[PDB]
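Student: My questions all concern the structure below.
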Amino acid sequence: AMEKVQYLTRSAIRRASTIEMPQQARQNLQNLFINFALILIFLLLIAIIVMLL
């Protein structure tokens, strides 16, 4: 029974490199994250401004 835990770890960091090789999926999926973050930040920002008053 080999560890294989170490390998997964090495591959885990590789992703930091090319977590998403596709030049489209890298931005499309990330776009959702970025866009998805804007919705969260915008909603959170109004809350703070509203609460600020």
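Letters for chains follow the order of the structure tokens (A, B, ...), residue numbers begin at 1 for each chain, and ligand numbers begin at 1 in the order shown.
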Please return as a PyMOL selection string: the residues of chain A that backbone DSSP assigns to alpha helix (DSSP H).

Tutor: chain A and resi 5-18+25-52

Student: Grab the CA of residue 44 (chain A) to CA of residue 25 (chain A) distance for me, in Å with one decimal place.

Tutor: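 We find that CA of residue 44 (chain A) and CA of residue 25 (chain A) lie 27.6 Å from each other.
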